[PDB]
Amino acid sequence: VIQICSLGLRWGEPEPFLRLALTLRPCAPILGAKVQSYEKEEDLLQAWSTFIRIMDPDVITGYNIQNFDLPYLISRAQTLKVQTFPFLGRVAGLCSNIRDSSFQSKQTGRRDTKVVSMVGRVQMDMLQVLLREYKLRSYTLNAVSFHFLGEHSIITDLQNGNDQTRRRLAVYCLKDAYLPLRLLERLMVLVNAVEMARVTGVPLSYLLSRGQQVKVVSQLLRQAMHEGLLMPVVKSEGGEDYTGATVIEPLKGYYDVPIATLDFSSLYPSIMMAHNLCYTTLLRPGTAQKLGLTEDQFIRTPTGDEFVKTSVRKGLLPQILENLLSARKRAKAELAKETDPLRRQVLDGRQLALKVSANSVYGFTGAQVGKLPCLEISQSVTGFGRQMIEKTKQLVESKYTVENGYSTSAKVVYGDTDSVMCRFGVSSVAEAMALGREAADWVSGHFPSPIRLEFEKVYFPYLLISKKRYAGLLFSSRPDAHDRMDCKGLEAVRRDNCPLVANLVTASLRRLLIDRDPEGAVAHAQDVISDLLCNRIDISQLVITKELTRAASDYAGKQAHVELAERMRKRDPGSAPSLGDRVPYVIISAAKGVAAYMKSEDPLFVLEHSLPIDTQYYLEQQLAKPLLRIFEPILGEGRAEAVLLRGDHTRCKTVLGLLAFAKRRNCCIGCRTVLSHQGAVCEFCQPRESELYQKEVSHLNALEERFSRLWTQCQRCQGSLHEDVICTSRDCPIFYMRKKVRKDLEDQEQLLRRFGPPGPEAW
Amino acid sequence: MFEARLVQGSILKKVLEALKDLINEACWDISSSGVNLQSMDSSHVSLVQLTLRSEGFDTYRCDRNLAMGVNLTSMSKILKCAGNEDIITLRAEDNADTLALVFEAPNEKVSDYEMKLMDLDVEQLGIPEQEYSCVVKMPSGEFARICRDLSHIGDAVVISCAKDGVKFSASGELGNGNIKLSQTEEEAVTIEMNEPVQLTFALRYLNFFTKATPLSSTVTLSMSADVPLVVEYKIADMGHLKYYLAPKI
Amino acid sequence: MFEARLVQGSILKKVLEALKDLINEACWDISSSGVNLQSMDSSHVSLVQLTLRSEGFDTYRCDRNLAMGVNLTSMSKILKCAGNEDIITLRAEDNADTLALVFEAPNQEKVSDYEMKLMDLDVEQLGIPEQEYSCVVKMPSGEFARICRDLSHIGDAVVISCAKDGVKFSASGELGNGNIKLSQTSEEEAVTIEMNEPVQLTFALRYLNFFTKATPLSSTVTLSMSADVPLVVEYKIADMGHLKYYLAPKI
Amino acid sequence: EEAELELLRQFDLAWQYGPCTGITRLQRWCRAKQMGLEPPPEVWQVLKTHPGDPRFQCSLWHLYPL
DNA sequence: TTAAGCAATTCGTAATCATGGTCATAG
DNA sequence: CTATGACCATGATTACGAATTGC
Ligand SMILES: Cc1cn([C@H]2C[C@H](O)[C@@H](COP(=O)(O)OP(=O)(O)OP(=O)(O)O)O2)c(=O)[nH]c1=O
Ligand code: SF4
Ligand SMILES: [Zn+2]
């Protein structure tokens, strides 16, 4: 271990107050930080342990400190025989130890971590907070720093060199150690963790280790001491499933008359609230008998149970849910007065977390592997849901009709278990908004409270492909003209595909829904396919990522990413994907057509070893079928022939051990006839040579302009204008797009030396 | 304007059945000398060299040296619409991006097919004219069988050529085996060993090369230390078809 | 050290083509008497008995009695690398856990040598109760094969009814039912029947169809039935020995 | 050898001779000599007693896709 | 000792089933 | 030297698991 670098601050002050860097050879001074140097590693580990005792911090953060940093330090101190290192905690006579742990759920998957013991102090690895809350494409520090802010063997010779190289290494390490602080204070992590621990009543270490059961157990016990009840222990392996939610059958297609969306807000917690459903008021089938009082003492549910009215008991789950609902309402009332966009979405994150907590209260009941299940309640909930949504659809389509004085009889096109997308008939967004608000407020008056239906949007135009797949354009007000698109479910929000395909789907829906020009859309898709086949598409747009889950399900059937991961490298059998992460790969061309798991390769390996790409795989398996989903419903099946013919005019333009034994046959630039001698033009195509020189110097001119815009961008992203660039960042498009233009220019410069020189040079 | 008349059209059929599975898109260099084609395979592990001399054709004619990137799969499909006895006629227009295939039945029927050409910027390679330590001539059928047999034992074949004879061998899950040929008209095996050689090749590709068996009674194998194996089938008076396979290192 | 030379090697090829689909892994008992193999099928519904007498071989030789657990699938694949005219030579080493198959092409300018890996099989041995049969039917193997293929289109099982005059096979299913009747005649085209007692038994055409892969081994096949016992289907391997298939009936 | 391979690795990272990871080693030695910054006469005397070896006459990172 | 629920759509691999090109031998 | 179906080889259909998103 050669350098340790530390940043420290008091919470509430907008800058740090401590900035220290401890190195292992003599170094050069850095303005703003202290620098100390040692000639042996024992002094370095001792100095860090003494600093961490004396400063005595409350919280320790970092990025991947649990699974890399602390056990490396502990094992390295054990090897070098330094006895006083592993006492990092607060208790004076206690040493620390490495211990494995695993967590698994159907919500976050399964992850295996080490833990290191520190008594008194709290740990917050920001990697685990990101991996638990956020669903992203890559989880590298560079990728999340670009997504939120906007950015090994070389180091061994920056350290065996001079002291300005070591000073450069220390400035790099200090920037690395500074980035997670900025992420912690910018994303409102710690304020939301403190508010979660105050609303639920669990400690601050449980929100990084546990799930959503300890919190609902805690709140139920805290509500149970106030009336004098005790909880039982029921455990069963195992019950059966029950029936979930209804989806209404669509009227599929393309709509160009406005559809208004009406939905219920906080549906399942308000069902559980306003019909008095709880553990503590579930009536067994016999204890009603032989009392006969049915009216206003109990009710009956569509699955079949009987539940006591609120004039006898009050349940415990209504009160816990009412507290959580008021907390989320206060968070939304605070969110309704922000102007900054990233701040608006992080308050949206806070309210999303409180709504997830309130819904996991209901999901506690149906978990037959758990601590206290009561599937009768769950069945009553979803039965009430189904009954109310079909009530909504009957009522909306039945009242506003041609005989009832209105304009047109409306017709529901879609509904998915909480929402209803009714198509009204008018093509004026003001009149649709007015009637939709009247409908929402009208239908809501047929229920107990807090059951309320609300207007939410007007889509104009609309595109419905299947169940859980649609798109549209979003209206919030009228003079607020339009907000954005909505892409529910489609190929632009999933992460199982290429960036090329998601970009093409977004650009096609842009040209098709905003400008309403299908001809520019056809020309766009043609240019994408043509530039694919002509081999001028970057390999950033070709990378596919998949998650490496539990190893036995991936034992059960052969996949591509599992095959790439389990195949080690010759260079490194010590850095490879583990369980739970994401494996990136691209597909190269070969002749083993039975298996697409035999053609997958690491992006850096195909970078350094230059393997070709299977353009037919990407053409017929990645691109073609999402396009045939989207482009068909506006036209007939002559549209499938239109895009497969727009392919056909553009499919006829394709660019191209033994490879060393070349002959390098020259070819005519005009008509492609191989011939003896080095002159560029053919003897039949000579009278046309000024035009053939004119052609292709406007190509060299455009490659020259692309070299310079890229190789000076690295100088501004690096910081310095006087020293070399070293950044092989695999998540930057800049890298390997700066590598191919050198070769394009190398090739296009040599093609023009077929022609003579435009003058002498030795004069 | 190109125009070639080939009476034994079955030759053209056999040729495409020998390239189609190895090559998707190729380029044919037509000229007064005859038709020619050279292309790496998909895998970029081998190189095919086709040579159809104008002499072999019963009527050749090439005004402009015109080459069109042909889709061997489409040309293959098209060529299957020809009887093994029809007279085939290739005919192109220096200005048209389409090649024409006309089949004349011996006896009242004429098929005409216009195949769409395409712009191919194929990666050209140059073969380094070299000498070979060993050249083995043998029935093409025997060679074909050998490659099929071994393919059941393992994925690669070690071709060991010594003074007396040549040996092919492989190994896998179900053990291993080897076939030995020794010197002894188109049923005989001749060997020219200047230097014993030993090289490893993928049976998968050798098996592709063998789709050319119906083109010749015999096939010659030319090897040499650390260089591509040469598998060649003569196309009687027309020219030939050569397959170069990079060895495994 | 085992070593047998078989000039009509196509015989060995035909044998494996008749066992491979019924048996995955078998044991080959070698001795001075000749090669022998007895094994239940996967399904444990039938038993195959192969007998290759040393006399039939053009050069037999067995020093130590051998038991070769062979994977009939690997041996089958390997055997397909033999021409129907090559001279095949089985050769083993009492100490080596590998069997060697050498094929010599008639001309002799080519020799193939295959070393197949053996395996330790603890196969479940069975003993056939030497018994007598009420009915024995001899008939062309091709006719028998066709009968089994035909009925297979009607149903899954075949009822073989043997009476005085002749024998009858029948089946039924979704698309109706049918039956074929064979009667005695008066060499490899005739049908002979030996009925001591009329018999009726039900068998699965699926297995009978496996037995028929042995058709290319003999011009004729004999069927031996008896009340409540396994049907015997036997194909003679001229001067070499034979191949017997026992199928348990359906009750 | 093994002591001559650290002198060149020390000449390659001294900042007072230039920012050199795109060019050869002897070109940077002559560039500094033209401007006469202070090239030392020992990083020359190992680039003369060798032929065209790629581990003497090349910069440290002449691999490495930067 | 540890873990909130169900509905639905998409894609890849192996296995099942249809169909033609050679071929091998009886007429 | 020539019909016939048995044999090998290649392509179309179905089934089921894995992955990921919407409520
Ligand atoms: C998202 C989600 C919904 N549901 C159920 C409960 C909800 O009552 C029902 C509706 O889904 P949602 O509309 O997503 O959530 P919501 O209606 O409760 O709150 P809001 O309208 O303010 O966004 O779906 C779950 O059970 N678990 C979940 O994770
Ligand atoms: S390649 Fe250049 S632009 Fe891209 S991340 Fe690295 S330094 Fe920045
Ligand atoms: Zn020209």
# chains A, B, ... in the order shown; residues from 1 in each chain; ligands from 1
$ residues_near_ligand --ligand "ligand 2" --cutoff "9 Å" --atoms "only C-alpha atoms (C1' of nucleotides) and all ligand atoms" --output "VMD selection string"
(chain A and resid 142 151 710 to 718 725 to 738) or (chain D and resid 66)
$ write_last_selection --atoms "C-alpha atoms" --output "tab-separated table (two decimals), in the first residue's frame"
chain	number	residue	atom	x	y	z
A	142	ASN	CA	-16.94	7.37	-13.72
A	151	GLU	CA	-17.04	14.00	-16.12
A	710	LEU	CA	-11.24	15.09	-30.23
A	711	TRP	CA	-7.56	15.11	-29.31
A	712	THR	CA	-7.77	18.53	-27.66
A	713	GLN	CA	-10.91	17.63	-25.68
A	714	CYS	CA	-8.83	15.17	-23.65
A	715	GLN	CA	-6.55	18.07	-22.70
A	716	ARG	CA	-9.48	19.99	-21.19
A	717	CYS	CA	-10.97	16.94	-19.47
A	718	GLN	CA	-7.54	16.14	-18.04
A	725	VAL	CA	-3.00	12.27	-21.52
A	726	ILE	CA	-3.47	8.92	-19.74
A	727	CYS	CA	-7.14	8.01	-19.54
A	728	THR	CA	-8.37	4.68	-20.85
A	729	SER	CA	-11.82	5.14	-19.34
A	730	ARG	CA	-14.04	2.40	-20.80
A	731	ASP	CA	-17.21	4.32	-19.99
A	732	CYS	CA	-16.10	7.41	-22.00
A	733	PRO	CA	-17.09	7.60	-25.68
A	734	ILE	CA	-13.96	9.80	-26.06
A	735	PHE	CA	-11.73	6.75	-25.62
A	736	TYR	CA	-11.63	4.46	-28.74
A	737	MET	CA	-13.35	7.17	-30.80
A	738	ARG	CA	-10.02	8.97	-30.60
D	66	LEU	CA	-3.36	6.00	-25.19
$ interface_residues --of "chain A" --to "chain F" --cutoff "9 Å" --atoms "only C-alpha atoms (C1' of nucleotides)" --output "list in words"
residues 245, 416, 417, 418, 468, 469, 488, 489, 493, 494, 495, 496, 546, 547, 553, 554, 556 and 557 of chain A
$ residues_near_ligand --ligand "ligand 1" --cutoff "9 Å" --atoms "only C-alpha atoms (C1' of nucleotides) and all ligand atoms" --output "list in words"
residues 245, 263, 264, 265, 266, 267, 268, 269, 270, 271, 352, 355, 356, 358, 359, 360, 362, 363, 385, 417, 418 and 419 of chain A; 4, 5 and 6 of chain E; 22 and 23 of chain F
$ closest_residue --among "B:111, B:184, B:65, B:222" --to "ligand 3" --atoms "only C-alpha atoms and all ligand atoms"
B:65
$ residues_near_ligand --ligand "ligand 3" --cutoff "6 Å" --atoms "only C-alpha atoms (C1' of nucleotides) and all ligand atoms" --output "NGL selection string"
:A and (668 or 670-671 or 681-682 or 684-685)
$ atom_distance --atom1 "CA of residue 61 (chain D)" --atom2 "CA of residue 724 (chain A)"
11.1 Å
$ atom_distance --atom1 "CA of residue 207 (chain C)" --atom2 "CA of residue 18 (chain C)"
11.9 Å
$ closest_atom_pairs --of "chain C" --to "chain B" --cutoff "12 Å" --atoms "only C-alpha atoms" --output "Markdown table"
| residue | atom | partner | partner_atom | distance |
| --- | --- | --- | --- | --- |
| C:70 | CA | B:174 | CA | 10.5 |
| C:71 | CA | B:174 | CA | 8.8 |
| C:72 | CA | B:174 | CA | 10.7 |
| C:73 | CA | B:174 | CA | 9.2 |
| C:74 | CA | B:174 | CA | 5.8 |
| C:75 | CA | B:174 | CA | 8.2 |
| C:76 | CA | B:152 | CA | 10.3 |
| C:77 | CA | B:152 | CA | 6.5 |
| C:78 | CA | B:152 | CA | 7.1 |
| C:79 | CA | B:149 | CA | 9.4 |
| C:80 | CA | B:149 | CA | 7.4 |
| C:81 | CA | B:149 | CA | 4.8 |
| C:82 | CA | B:149 | CA | 8.3 |
| C:83 | CA | B:145 | CA | 9.6 |
| C:97 | CA | B:175 | CA | 11.0 |
| C:98 | CA | B:175 | CA | 8.4 |
| C:99 | CA | B:175 | CA | 9.5 |
| C:100 | CA | B:177 | CA | 9.0 |
| C:101 | CA | B:177 | CA | 8.7 |
| C:102 | CA | B:177 | CA | 9.1 |
| C:103 | CA | B:179 | CA | 9.0 |
| C:104 | CA | B:179 | CA | 9.8 |
| C:105 | CA | B:181 | CA | 10.5 |
| C:107 | CA | B:187 | CA | 10.0 |
| C:108 | CA | B:182 | CA | 8.9 |
| C:109 | CA | B:182 | CA | 5.4 |
| C:110 | CA | B:181 | CA | 4.8 |
| C:111 | CA | B:180 | CA | 5.2 |
| C:112 | CA | B:179 | CA | 4.1 |
| C:113 | CA | B:177 | CA | 5.3 |
| C:114 | CA | B:177 | CA | 3.8 |
| C:115 | CA | B:176 | CA | 5.4 |
| C:116 | CA | B:175 | CA | 4.7 |
| C:117 | CA | B:175 | CA | 5.2 |
| C:118 | CA | B:175 | CA | 8.9 |
| C:119 | CA | B:174 | CA | 10.7 |
$ residues_around --residues "residue 62 (chain D)" --least-positions-apart "5" --cutoff "10 Å" --atoms "only C-alpha atoms (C1' of nucleotides)" --output "list in words"
residues 21, 22, 23, 24, 54 and 55 of chain D
$ closest_residue --among "B:34, B:106, B:196, B:139" --to "residue 85 (chain B)" --atoms "only C-alpha atoms"
B:106
$ decode --residues "region 116-220 of chain A" --atoms "C-alpha atoms" --output "CSV table (one decimal), in the first residue's frame"
chain,number,residue,atom,x,y,z
A,116,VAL,CA,-15.4,-5.2,9.3
A,117,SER,CA,-16.1,-4.4,13.0
A,118,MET,CA,-16.0,-0.8,14.3
A,119,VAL,CA,-17.8,-0.1,17.6
A,120,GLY,CA,-19.1,3.4,18.0
A,121,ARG,CA,-18.5,4.4,14.4
A,122,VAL,CA,-20.9,4.1,11.5
A,123,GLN,CA,-20.1,3.0,7.9
A,124,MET,CA,-21.7,4.3,4.7
A,125,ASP,CA,-20.2,2.9,1.5
A,126,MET,CA,-21.9,4.9,-1.3
A,127,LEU,CA,-21.7,2.0,-3.7
A,128,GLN,CA,-24.2,0.0,-1.6
A,129,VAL,CA,-26.5,2.9,-1.4
A,130,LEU,CA,-26.5,3.3,-5.1
A,131,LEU,CA,-26.9,-0.4,-5.7
A,132,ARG,CA,-29.9,-0.5,-3.4
A,133,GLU,CA,-31.8,2.6,-4.5
A,134,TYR,CA,-31.0,3.2,-8.2
A,135,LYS,CA,-31.4,1.1,-11.3
A,136,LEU,CA,-28.7,2.2,-13.8
A,137,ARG,CA,-26.6,0.7,-16.6
A,138,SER,CA,-23.1,0.8,-15.2
A,139,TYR,CA,-22.1,1.2,-11.5
A,140,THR,CA,-18.6,2.6,-12.0
A,141,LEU,CA,-17.5,5.8,-10.3
A,142,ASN,CA,-16.9,7.4,-13.7
A,143,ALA,CA,-20.4,6.3,-14.9
A,144,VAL,CA,-22.3,7.6,-11.9
A,145,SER,CA,-20.2,10.8,-11.8
A,146,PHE,CA,-21.2,11.5,-15.4
A,147,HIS,CA,-24.8,10.5,-14.8
A,148,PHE,CA,-25.1,12.8,-11.8
A,149,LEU,CA,-22.3,15.5,-12.2
A,150,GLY,CA,-20.6,15.4,-15.6
A,151,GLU,CA,-17.0,14.0,-16.1
A,152,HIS,CA,-2.7,-0.2,-12.4
A,153,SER,CA,0.5,-0.8,-14.2
A,154,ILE,CA,1.2,2.8,-15.1
A,155,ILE,CA,0.9,3.8,-11.4
A,156,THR,CA,3.7,1.4,-10.5
A,157,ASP,CA,6.0,3.5,-12.7
A,158,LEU,CA,4.6,6.8,-11.6
A,159,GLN,CA,5.8,5.7,-8.1
A,160,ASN,CA,9.2,4.2,-9.1
A,161,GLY,CA,10.1,7.5,-10.8
A,162,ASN,CA,10.5,11.1,-9.4
A,163,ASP,CA,8.7,13.2,-6.9
A,164,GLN,CA,6.6,15.3,-9.3
A,165,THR,CA,5.2,12.1,-10.7
A,166,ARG,CA,4.3,11.1,-7.1
A,167,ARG,CA,2.8,14.6,-6.6
A,168,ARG,CA,0.6,13.9,-9.7
A,169,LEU,CA,-0.4,10.6,-8.2
A,170,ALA,CA,-1.4,12.2,-4.9
A,171,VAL,CA,-3.5,14.9,-6.6
A,172,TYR,CA,-5.3,12.1,-8.6
A,173,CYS,CA,-5.9,10.1,-5.3
A,174,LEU,CA,-7.2,13.2,-3.5
A,175,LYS,CA,-9.7,13.9,-6.3
A,176,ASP,CA,-10.9,10.2,-6.0
A,177,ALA,CA,-11.3,10.6,-2.3
A,178,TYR,CA,-13.2,13.8,-2.7
A,179,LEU,CA,-15.9,12.6,-5.2
A,180,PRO,CA,-18.1,10.5,-2.7
A,181,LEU,CA,-18.4,13.4,-0.3
A,182,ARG,CA,-19.9,15.6,-3.1
A,183,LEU,CA,-22.2,12.8,-4.0
A,184,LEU,CA,-23.3,12.3,-0.4
A,185,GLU,CA,-24.2,15.9,0.2
A,186,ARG,CA,-25.7,16.5,-3.3
A,187,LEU,CA,-28.0,13.5,-3.4
A,188,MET,CA,-29.5,14.3,0.0
A,189,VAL,CA,-28.5,10.8,1.3
A,190,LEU,CA,-27.9,11.4,5.0
A,191,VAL,CA,-30.9,13.8,5.6
A,192,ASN,CA,-33.2,11.1,4.1
A,193,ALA,CA,-31.5,8.4,6.2
A,194,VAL,CA,-32.1,10.4,9.4
A,195,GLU,CA,-35.7,11.1,8.5
A,196,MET,CA,-36.3,7.4,7.7
A,197,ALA,CA,-34.9,6.4,11.1
A,198,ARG,CA,-37.1,8.9,12.8
A,199,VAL,CA,-40.3,7.9,11.0
A,200,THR,CA,-39.8,4.2,11.3
A,201,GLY,CA,-38.1,3.9,14.7
A,202,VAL,CA,-35.2,1.6,13.7
A,203,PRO,CA,-31.5,2.5,14.2
A,204,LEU,CA,-29.2,4.0,11.6
A,205,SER,CA,-27.2,0.8,11.0
A,206,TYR,CA,-30.2,-1.2,10.0
A,207,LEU,CA,-30.9,0.9,6.9
A,208,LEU,CA,-27.8,-0.5,5.2
A,209,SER,CA,-28.1,-4.2,6.2
A,210,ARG,CA,-31.7,-5.2,6.4
A,211,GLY,CA,-34.9,-5.1,4.4
A,212,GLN,CA,-38.5,-3.8,4.9
A,213,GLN,CA,-39.6,-6.3,7.6
A,214,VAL,CA,-37.8,-5.0,10.7
A,215,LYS,CA,-39.4,-1.6,10.2
A,216,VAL,CA,-43.0,-2.8,9.9
A,217,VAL,CA,-42.4,-5.2,12.9
A,218,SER,CA,-41.1,-2.2,14.8
A,219,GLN,CA,-44.0,0.1,14.0
A,220,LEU,CA,-46.6,-2.6,14.8
